[PDB]
Amino acid sequence: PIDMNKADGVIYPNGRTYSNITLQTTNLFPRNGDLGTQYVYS
Amino acid sequence: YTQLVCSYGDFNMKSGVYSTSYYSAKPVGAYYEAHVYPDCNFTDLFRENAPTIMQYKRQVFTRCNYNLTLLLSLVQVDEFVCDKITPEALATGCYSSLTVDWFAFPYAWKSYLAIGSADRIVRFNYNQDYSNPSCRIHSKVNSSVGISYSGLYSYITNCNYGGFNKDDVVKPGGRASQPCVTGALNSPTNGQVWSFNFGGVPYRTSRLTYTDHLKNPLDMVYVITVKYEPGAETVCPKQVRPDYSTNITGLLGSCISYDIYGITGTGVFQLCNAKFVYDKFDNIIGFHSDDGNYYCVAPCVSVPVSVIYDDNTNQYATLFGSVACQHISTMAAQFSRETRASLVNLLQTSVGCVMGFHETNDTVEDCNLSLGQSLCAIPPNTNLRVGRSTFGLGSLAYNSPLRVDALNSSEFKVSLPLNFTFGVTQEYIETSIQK
Amino acid sequence: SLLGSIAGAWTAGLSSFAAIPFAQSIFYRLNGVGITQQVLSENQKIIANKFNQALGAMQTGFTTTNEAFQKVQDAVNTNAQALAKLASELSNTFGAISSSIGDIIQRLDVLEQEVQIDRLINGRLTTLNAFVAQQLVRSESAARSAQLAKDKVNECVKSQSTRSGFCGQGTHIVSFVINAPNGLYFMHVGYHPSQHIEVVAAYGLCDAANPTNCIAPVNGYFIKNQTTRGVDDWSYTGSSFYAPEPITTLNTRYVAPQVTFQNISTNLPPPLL
Amino acid sequence: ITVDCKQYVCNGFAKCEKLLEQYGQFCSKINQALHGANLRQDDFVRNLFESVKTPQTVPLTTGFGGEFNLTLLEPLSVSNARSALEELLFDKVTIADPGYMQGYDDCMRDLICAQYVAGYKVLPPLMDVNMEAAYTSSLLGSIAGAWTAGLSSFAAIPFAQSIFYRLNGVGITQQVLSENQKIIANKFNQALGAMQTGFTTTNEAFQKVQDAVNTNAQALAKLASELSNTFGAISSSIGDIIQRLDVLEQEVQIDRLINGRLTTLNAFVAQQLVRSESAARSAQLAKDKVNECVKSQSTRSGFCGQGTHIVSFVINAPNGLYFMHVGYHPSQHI
Amino acid sequence: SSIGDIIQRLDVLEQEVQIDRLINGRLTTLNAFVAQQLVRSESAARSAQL
Ligand SMILES: *[C@@H]1O[C@H](CO)[C@@H](O[C@@H]2O[C@H](CO)[C@@H](O)[C@H](O)[C@H]2NC(C)=O)[C@H](O)[C@H]1NC(C)=O
Ligand SMILES: *[C@@H]1O[C@H](CO)[C@@H](O)[C@H](O)[C@H]1NC(C)=O
Ligand SMILES: *[C@@H]1O[C@H](CO)[C@@H](O)[C@H](O)[C@H]1NC(C)=O
Ligand SMILES: *[C@@H]1O[C@H](CO)[C@@H](O)[C@H](O)[C@H]1NC(C)=O
Ligand SMILES: *[C@@H]1O[C@H](CO)[C@@H](O)[C@H](O)[C@H]1NC(C)=O
Ligand SMILES: *[C@@H]1O[C@H](CO)[C@@H](O)[C@H](O)[C@H]1NC(C)=O
Ligand SMILES: *[C@@H]1O[C@H](CO)[C@@H](O)[C@H](O)[C@H]1NC(C)=O
Ligand SMILES: *[C@@H]1O[C@H](CO)[C@@H](O)[C@H](O)[C@H]1NC(C)=O
Ligand SMILES: *[C@@H]1O[C@H](CO)[C@@H](O)[C@H](O)[C@H]1NC(C)=O
């Protein structure tokens, strides 16, 4: 599952670099706890 | 003194220590920096067959240098409708990307292709996006430029689908979907609804042509959208600002104007130890230039200058709060004209650097010119009319208590009055305010 | 009326009023803070002269070196500034083409007039809101200061405070009140030692022959080697004025014996004989 | 705090500086409002330390308290002008260093370096730490001797004797004090010395010191941070407005940005004034407690703490004073 | 006063201006509310002390 506490699947902003801050953003993110579809190759 | 007077708007101020604003921190010279890449090749805009509105072309330009004069010098501009940008600015800014959409379109129909409309021209063909700064240019392109307009030119007038007849409407920045284009291209040009299946879904589409409205000077619409994402500019002009330098070293240690990758303003640059560096309040405090050097950036007003003023003698002195006196000489150019000249002397105090003071071991009882940290300015005994003089850099007096020592006895010392006076402690208490 | 009630405001309770001369009230006020009656009687002319000097000095006191006075002018200036802000901010043009509604109406069309007038209104509403909010902040300030003034009238003027700091510096004797612009002006007359002497004092004295019979000073000290200066020389002084006098039962109280009390043989005080 | 209003609002841009004239002498008013507020803070200090100031004192030496251990209160220079508790208090409260001396040179933390970017300055206090410490040191040395009617004399009485008289004065007989004098000193020492480990998260008086510090920080955060706001404008940057829009929309957009920056400054001044009134009230309270709890023995219930008041001590604290009231608390009854 | 009315009446550019006007007023109201609660909190602190 997506773990928001590890920032899983989070896309970093495409402009400046941010540091030692908290930013409030509305954007395309995965839902926390979401189980994606698993695909297997062999 | 004049900066003090203008900061407060008062020619007859009381004695005190006042913060002041800067009235001489003007830029001298300027620095420009931008990326240099291959040209943003715009051939596809003018030297091909014009696109239709239902199938318009889009090209996105990144990591290149553009020339807007080149686009405009080729066409006759009928109108332009810009939003959060002007053609003047469009020509010179840096962008994360530049997008151009274009198609043939009758000038007579410019009101259909408009911000408040919701005609079939907008709903099924071209729906301009407004989330990013953009400008819609209506222009006539002569055949001498290589522009051609063969084939049928058409737009979708309808494209509903399914059993609920749901209009397959184009979303801002989008285009007619493949089912709508497929349908419309097989539809009659008389505006009649044609029915077909696209995969498993039934579609009803129709189109009209505008080929008959296109003439030798071809009415074209070019929509230029520019994205701003500070720190990620890849698209810059080929033209460098006329009065700006492209080598910063001769401008260091001075207040200058600048335009660095789209960021403009004034400030003082210094060479520092290590593309934009920000503080926690989104201010740029340094940058990495393309010659490999890292620079610090400060406003031309960075030193917290305050003025110590005595209204009996009309004498004054300056405190540069929290600044070491070594650094003051180097910043002389941003201070008042008379400060600059005097810096081209200084005492270091625990509250900053002071100019116009002399050292003294004198202390102050009632301290109306406190500098802070138990430091007090002691006014000159000479009036300004005679000439300028310095303030004593003294301190707030500590009037210690009488020291009566205890005895290692069953007895004790007591201090008793031998004489005495009466005194009056005066006090004012405000009990109400003006109604 | 408040001035006329100071001398008579004496005993427990606030029910009675004594028509006592001011001078008598001062002498009792001084006695109550440690100055003995012999001292007050010998120096009564000196006390009146020093008091008069200190109080009459105020006739030339309302100057720039008088902080209490400048504070009166500042209260006045504060009220003036609040009004300056209502009168002056009307001239502002808050993003509009003009500060004048009439100029907007006669220059722009009916649609831009609404935008421009709204800009001008918003600024004028802002000014009024800012004015009300400060008056409210200043009202809270006044509520606090009015409360303080009440406490001082009741504690410094209508009575004699024993609280340090409150009612002024030094030992409080008497306060007077006059009106001031926007409030009250208090004048607290205190007793301030100008020169001191250090002497050695006892916590109490006991009869060496009768160790259970011990005394302690009231409103003063038992000090040694000041009068005659022989063996077991102990005398009493008021705590607010050095003036050694014989130890008597009027200056003392009987107390339980303590390890810090002196044991005396010679020239034993009357309370111990 | 003082603010360079012109710099704060226009950041060096001439077009803004001209548009700003349409708001009247706005910056002059801000400069005068802040100047006035700052003068008041210095007056609060001058009057507070008039109460702390003693006429006479007995010089502090080690062993000052006798049987009573006051080591934590005496100056380190006796056993630094500051006491062990006051150093401990200042070392456990988290405070950014204002950089009063050469702070500009260090920045060439963020709310401090923001001063030289945003256009505002944190000002030093009237008194330095040594002077304030000297005042509380002298106050400590006057407690034992502060006895009789009147405030004119001073008695150089050992602290231990003062405590025993203070206890006798509240109903404990002399036989009891004599029999239990070792017990009294031990219990007192326990209660007072406990403070060496008291500056923790369970100590409300202590957390209140940190909160006062945080409050000042938040006020500055609002000046430093609100500059980044785009108040209906296309950008927070005047330079970005000028280089993107034509000369007419620039005026509208710059005015939007100015209005927001003027609003921020007005909000800042108004809170400083509300907080100045708060300080005026608290400074008054501190004066009453210095004169009533420390320089004397209060008989007032509640005032000077819970239980029966015996003795108070004062050390300096960030933005104020820290009072420690030692009271007598029955633990078992008959 | 309704955001919904702005969105359904004006185009996407004027909507931003109009919504910003409406937001600014609502932010002002909230700021005014907080500032008075703070002024009234100081009043209560004084009266609680009394
Ligand atoms: C941007 O493009 C314009 C063309 O629109 C360039 O100007 C031309 O320069 C040539 C010489 O190389 C002249 O012969 C043309 O007459 C000019 N045309 C116009 C309309 O001025 C311009 O030099 C280009 N800018 C840069 C930086 O290369
Ligand atoms: C520009 O693009 C055209 C195609 O539209 C291509 O033929 C031409 O060679 C390109 N020129 C350059 C310099 O890339
Ligand atoms: C338009 O193109 C034609 C044909 O190439 C040419 O003869 C004519 O000069 C051009 N006119 C303009 C205005 O460019
Ligand atoms: C800038 O000019 C200096 C001489 O003043 C020269 O030494 C330096 O190499 C130049 N830098 C660049 C990037 O041209
Ligand atoms: C102050 O006193 C110190 C004592 O060492 C002395 O060195 C210094 O020169 C004196 N300065 C003045 C201005 O009196
Ligand atoms: C008390 O001081 C005053 C003023 O110096 C003086 O005139 C007077 O003689 C003094 N009296 C005593 C008791 O010393
Ligand atoms: C008493 O005072 C006299 C005169 O100053 C002095 O010589 C003598 O030693 C003193 N005696 C005592 C016990 O202090
Ligand atoms: C006085 O005598 C008493 C009783 O013997 C003793 O307790 C006390 O310590 C003595 N005090 C002095 C000052 O000698
Ligand atoms: C007094 O208290 C200090 C701590 O402030 C401690 O280190 C010292 O040992 C104590 N001394 C005695 C005699 O209790």
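Counting convention: from 1, in listed order, for ligands and their atoms alike. Side chains included, hydrogens not; waters and symmetry mates left out as well; all remaining heavy atoms used. A note on names: the letters A, B, ... follow the listed sequences, proteins ahead of strands, and every chain is numbered from 1.
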Ligand-residue contact atoms, ligand 1 with B/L70, heavy atoms, under 4.0 Å = 5 (O)
B/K238: numbered ligand 1 atoms lying under 4.0 Å from its heavy atoms = 27 (C), 28 (O)
inquiry  = Is a donor from one side chain sitting under 3.5 angstrom from an acceptor on the other, for B/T43 and B/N41?
reply    = yes
inquiry  = So if I count the atoms of ligand 2 from 1 in the order they appear, which ones are less than 4.0 Å from some heavy atom of B/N41?
reply    = 1 (C), 2 (O), 3 (C), 8 (C), 10 (C), 11 (N), 12 (C), 14 (O)
ask   = Would you say atom 14 (O) of ligand 1 touches the protein, meaning some protein heavy atom is under 4.0 Å from it?
value = no
request  = Provide, to 0.1 Å, the distance between atom 25 (N) of ligand 1 and the closest protein heavy atom, together with that atom's residue and name.
outcome  = B/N67 ND2, 2.9 Å
query = Would you say atom 5 (O) of ligand 2 has a protein heavy atom nearer than 4.0 Å?
reply = yes
key: Side-chain H-bond candidate by donor/acceptor type, B/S148 with B/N49, under 3.5 Å   = yes
ask   = Does NZ or CZ of B/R136 come closer than 6.0 Å to the centre of the six-membered ring of B/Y126, within 45° of the ring's axis?
value = no
key: Atoms in ligand 1 with a heavy atom of B/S73 nearer than 4.0 Å   = 5 (O)
message = Quick one, C/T171 and B/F420 - any side-chain contact, counting heavy atoms below 4.5 Å?
response = no
request  = Please confirm whether C/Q53 comes under 4.0 Å of ligand 6, counting heavy atoms of the residue only.
outcome  = no
query = Where does B/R47 meet ligand 2, judged by heavy-atom distances below 4.0 Å: at the side chain, the backbone, both, or neither?
reply = neither
key: Under-4.0 Å heavy-atom contact between protein and atom 11 (C) of ligand 1   = no
ask   = Which atoms of ligand 2 are found less than 4.0 Å from any heavy atom of B/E48?
value = 5 (O)
ask   = Heavy-atom distance from atom 1 (C) of ligand 1 to the protein below 4.0 Å?
value = yes
request  = With the side chain counted from C-beta on, respond yes when B/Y95 and B/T225 share a heavy-atom pair under 4.5 Å apart, and no when they do not.
outcome  = no
note = Numbered in order shown, the ligand 6 atoms found under 4.0 Å of a heavy atom of B/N419 are 1 (C), 2 (O), 3 (C), 8 (C), 10 (C), 11 (N), 12 (C), 13 (C), 14 (O)
query = Relative to the heavy atoms of B/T69, which atoms of ligand 1 are at a distance of less than 4.0 Å?
reply = 5 (O)
key: Test side chain to side chain contact (heavy atoms under 4.5 Å, CB included) applied to B/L71 and B/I224, step by step   = CA-CA 11 Å; B/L71 273 66; B/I224 303 171; 4.2 Å; yes
request  = Let me know which of B/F103, B/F80, B/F42, B/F46 forms a ring-ring contact (aromatic ring centres under 6.0 Å, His included) with B/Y222.
outcome  = B/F46
